[PDB]
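Let me begin by presenting the structure, written as structure tokens, before commenting on it.
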Amino acid sequence: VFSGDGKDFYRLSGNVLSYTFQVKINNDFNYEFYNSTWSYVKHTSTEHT
Amino acid sequence: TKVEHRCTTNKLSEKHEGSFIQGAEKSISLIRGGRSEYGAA
């Protein structure tokens, strides 16, 4: 068999029903992010004379 | 003679800030045919 995924002839056993070098590539990506920020300020003043 | 004079005050302030950013990305891909280095790429 001539392959083609590597460009080389190879020899198969007489037993094997089929051997084949067609490629399939399957990719799955999942990315998930969150960023949170809170800021708080308070001031109080009380006075007399 | 008797005299009295008086004053009083109360005061406040507040401030806030907030942020929230959220994101999702997904990809799904299939390749058939080609050679594994370039199909990978």
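Coordinate-derived values only; no laboratory data. A quick note on method: Cβ atoms are made from the backbone with ideal geometry, for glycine too, and the neighbour counts reach across all protein chains shown.
Given charges of +1 on the Cβ of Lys and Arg and -1 on the Cβ of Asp and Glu, with all other atoms neutral, how large is the dipole of chain B about its Cα centre, in debye to the nearest 20?
Here the size comes out at about 120 debye.
Loop by DSSP (not H, G, I, E, B), at most 10 other beta-carbon atoms within 10 Å: where is the longest site-free stretch of chain B for trypsin sites (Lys or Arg not before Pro)? Before the final figure, lay out the partial values.
Details: sites that count: B:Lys2, B:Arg6.
Here the longest run is B:7-41.
In debye, nearest 20: dipole of the protein assembly as shown around its Cα centre with unit charges on the Cβ of K, R (+) and D, E (-)? If you can, show how the numbers build up before the last one.
Values: 11 positive and 10 negative charges, 13 e Å.
Here the protein assembly as shown has a charge dipole of around 60 debye.
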About its Cα centre, chain A carries a charge dipole, from +1 on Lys and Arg Cβ atoms and -1 on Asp and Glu Cβ atoms, whose size in debye to the nearest 20 is 260 debye
Tell me, how many Å apart are the Cα centres for chain B and for the range A:2-49? 25 Å
The range A:1-45: which chymotrypsin sites (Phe, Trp or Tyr not before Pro) are DSSP loop and have at most 14 other beta-carbon atoms within 10 angstrom? A:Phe2, A:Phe9, A:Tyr10, A:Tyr19, A:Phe21
Exactly which GluC sites (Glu not before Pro) in chain B are in a DSSP loop and have at most 10 other Cβ atoms within 10 Å? B:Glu4
